[PDB]
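There is one chain below, alone, in structure tokens, taken in the form solved without the partner chain.
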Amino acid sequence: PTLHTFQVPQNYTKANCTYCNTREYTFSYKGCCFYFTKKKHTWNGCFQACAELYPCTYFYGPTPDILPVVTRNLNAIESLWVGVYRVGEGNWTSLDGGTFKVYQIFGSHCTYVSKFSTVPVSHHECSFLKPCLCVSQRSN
């Protein structure tokens, strides 16, 4: 009993199921399959976009172990939206939990990584379109 253009934030969780598209991932590392999306999205779009890219796939926040392996796949002007996010007074967290160090250049909610960035970085324009960093877990 309502019309569109009205919406509320959708809730997202990490996937519980295991999958990997072994022909299409960007790289694989430590039992996980990583994907840079071919189409570009807004920072929040990445939640649904990664959820729809393949089964058991979600929007991924790079840790200190993973981030360097991610960022060397990038040229000097390329960037990826990453799923590291905050909640209000909170820290930065991801769908896998944990606490992230983020370089807050802007008091915004959207974070990305670059070739040279060592941590996620906050951006002034979250609706700017970029590829998304997604992950799925491989079978064990």
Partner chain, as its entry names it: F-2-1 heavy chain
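Residue numbers count along the first chain shown, from 1. Residues that one form lacks are left out of the comparison. Basically, rigid core = biggest C-alpha set you can superpose within 1.5 Å across the two forms.
The same protein also exists as the form solved in complex with the partner chain; that form is not shown, yet it is the one meant from here on.
- With the partner omitted here, the residue from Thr93, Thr63, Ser28, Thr71 that has a non-hydrogen atom within 4.5 angstroms of the partner chain in the entry with it bound is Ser28.
- Taking non-hydrogen atoms only, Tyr19 approaches the partner chain to within 4.5 angstroms in the entry with it bound.
- Contact annotation for 48-64: a single residue, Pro55, has a non-hydrogen atom within 4.5 angstroms of the partner chain in the entry with it bound.
- Only one entry in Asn16, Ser127, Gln10, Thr22 has its C-alpha moved by 2 angstroms or more between this form and the one not shown when the rigid core is superposed, and that entry is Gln10.
- Compared with the form shown, the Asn11-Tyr85 C-alpha separation increases in the entry with it bound, the change being 3 Å or greater.
- Core-superposed comparison between this form and the one not shown: residues with C-alpha shifts of 2 Å or more form a single run of three or more, at 1-12.
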